[PDB]
Amino acid sequence: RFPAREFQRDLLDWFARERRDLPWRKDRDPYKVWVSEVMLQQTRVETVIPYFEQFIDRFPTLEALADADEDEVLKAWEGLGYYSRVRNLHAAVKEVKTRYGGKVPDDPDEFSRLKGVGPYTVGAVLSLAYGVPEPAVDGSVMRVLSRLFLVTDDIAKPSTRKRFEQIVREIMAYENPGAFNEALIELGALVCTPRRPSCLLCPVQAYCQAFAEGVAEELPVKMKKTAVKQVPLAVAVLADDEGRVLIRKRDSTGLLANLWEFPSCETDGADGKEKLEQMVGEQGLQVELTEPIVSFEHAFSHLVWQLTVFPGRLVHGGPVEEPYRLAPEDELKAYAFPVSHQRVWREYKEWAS
DNA sequence: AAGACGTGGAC
DNA sequence: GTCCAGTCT
Ligand code: SF4
Ligand code: NA
């Protein structure tokens, strides 16, 4: 029904000619392939490249990552977003070392069991690093296959991904699965792009039903994103006479987990300075707050923070208890802060000067 | 199933 | 402004 060999030949030959020389493509070490694949989840290649180089220089082997402190690993991810990815990777490499002696499982079922590894990552790492013929369907590959085969099912449904995986299992080049899987990904990045695909240059134009019917710009089908909640947030920047600043570590469950922040309160529409003073008072801390110096927004995928920054002076009436920490200005650089709170500090320092 | 979960480009 | 670059729950 489908001329698989003709398709594979046109695809893999194109790939050998156009493949980009990306940093994680220098070899097939499973640890390096796995790190790159996790960083690339909902993150563009050009964004990842500098993070990857810095991460692998700090954590050159799987055992190095496993043996590192969680705060050092989070700092190496700082700014990349979706920070549970790195907490899950860190737990997963620890299990690979403790349990499997440091060798990344080559069994799909075993690799699939590690935290942060789902169907795409299983297929990506095992096909590239070990030759295992598991499909590696990400959103780009879903777009490619939805066009090639004129599939109009919503690609957000998990069932749709399962259908695409079966398609790949039938058309795959079982002789070189890693190259086949990489080539579909590279086709989606360089040719079969979300808007204005370059169908006239495409190596597999011969086999594309969407091109035949003239509807490539209309695939894949995907539900429009649900609007997000708006969340007002009040943030205190508190310094003592010696210049040190009060920061606190977020809880390990939920939004921006285990990152550091300036003390803050979801006002839920209430007065900021009032609610902020109640919260700090609950702790050795005597604090008087200033009028707000700036307000700005910060987007997440699922909500938007509306931040207002309030300066204040801290006088020590007791010890600073966890989760809080008193940090000299010169030491703040050592802590991993979300981008929102990086901006809080930037705005505080511009106002001060 | 569908919401939680960051951030930044390209239109 | 919209859309795009997976996994846990
Ligand atoms: S012909 Fe166009 S729509 Fe079809 S796979 Fe190639 S770039 Fe995509
Ligand atoms: Na998993």
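So that the names make sense, note that chain A is the first sequence line, chain B the second, and so on, each numbered from 1.
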Verify, without hydrogens or angle tests, whether A:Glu329 (side chain) and A:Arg244 (backbone) share a donor-acceptor contact under 3.5 angstrom. no
When rounded to whole Å, the CD1 to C1' distance for the pair A:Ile155 and C:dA5 reads 12 Å
C:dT9 and B:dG6, which share atom name P, separated by this distance in whole Å: 14 Å
Would one find a side-chain N or O of A:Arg87 under 4.0 angstrom from OP1 or OP2 of B:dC5? no
Any side-chain N or O of A:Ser301 under 4.0 Å from OP1/OP2 of B:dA4? no
Side chain of A:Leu256 - closest among C:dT7, C:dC4, B:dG6: B:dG6
Establish, with yes or no, whether the OP1 or OP2 oxygen of C:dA5 is under 4.0 angstrom from a side-chain nitrogen or oxygen of A:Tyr82. no
State which of B:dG6, C:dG6, C:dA5 makes the closest approach to the side chain of A:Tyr83. B:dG6
Look at A:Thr121 and C:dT7 and indicate whether a side-chain polar atom (N or O) is within less than 4.0 Å of OP1 or OP2. yes
Nearest listed nucleotide, side chain of A:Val339, among B:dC5, B:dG8, C:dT7: B:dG8
So if I take every side-chain heavy atom of A:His302 and compare against B:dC5, B:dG6, B:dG8, which nucleotide ends up nearest? B:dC5
Any idea which of C:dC8, C:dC4, B:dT7 is nearest the A:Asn88 side chain? C:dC8
Taking the ring of A:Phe2 and the ring of A:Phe149, is the distance between their centroids below 6.0 Å? yes
For the P atoms, the ones on C:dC4 and on B:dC5, what distance do you get once it is rounded to whole angstrom? 23 Å
Does any N or O donor sit under 3.5 Å from an N or O acceptor when you compare the side chain of A:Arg44 with the base of C:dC4? yes
Validation row, ring centre A:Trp24 to ring centre A:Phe52 under 6.0 Å: yes
Any idea how A:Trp351 and A:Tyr348 line up, ring-wise: parallel (<30°), tilted (30 to 60°), or perpendicular (>60°)? tilted
